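**Q** Need a 3D model of the sequence below.
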Amino acid sequence: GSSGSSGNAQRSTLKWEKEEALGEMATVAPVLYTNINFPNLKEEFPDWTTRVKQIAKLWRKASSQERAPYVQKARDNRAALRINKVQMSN
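**A** Residues are numbered from 1 along each chain as shown. Structure data below:
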């Protein structure tokens, strides 16, 4: 278990921007789907304010059965962090 402040409980575009860098490691359902399906996304839409919107539209387009995995993976991706990246702090 890590320390600090209870993981910010609030889904917002402010976070997506972050997960966008993790790509396939995106801890989000939508921010992840695009990262994979649309690898060159950034290219198509350089301006975040414009790209983020593309992540939503594309996400909604997909069917629940399609997000099924992209929905769980995002959650599991959050765990990998805590586990992996083994670090020792005094």
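**Q** Quick check: longest helix in this protein by residues?
**A** Longest helix of the chain, by residue count under DSSP state H: helix 64-83.
**Q** just checking, what packs against it?
**A** In terms of contacts (3 or more CB pairs under 8 Å, 6 or more residues apart in numbering; DSSP states H and E), helix 64-83 is packed against helix 30-37. Every residue, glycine included, has its C-beta placed from N, CA and C.
**Q** The helix it packs on to helix 64-83, inter-axis angle?
**A** Per axes from the mean of the first three to the mean of the last three CA atoms, to 10 degrees, the angle that helix 30-37 makes with helix 64-83 is 100 degrees.
**Q** Export only the CA atoms of helix 30-37, formatted as PDB.
**A** Extracted in PDB, the C-alpha atoms of helix 30-37 (Å, rounded to 0.1, in the frame of the first residue of the first chain):
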ATOM      1  CA  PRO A  30     -11.900   5.400 -23.200                       C
ATOM      2  CA  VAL A  31      -8.500   7.000 -22.800                       C
ATOM      3  CA  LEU A  32      -7.200   3.400 -23.300                       C
ATOM      4  CA  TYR A  33      -9.300   2.200 -26.200                       C
ATOM      5  CA  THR A  34      -8.100   5.100 -28.400                       C
ATOM      6  CA  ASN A  35      -4.500   4.700 -27.200                       C
ATOM      7  CA  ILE A  36      -4.700   1.200 -28.800                       C
ATOM      8  CA  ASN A  37      -7.300   1.500 -31.600                       C
END
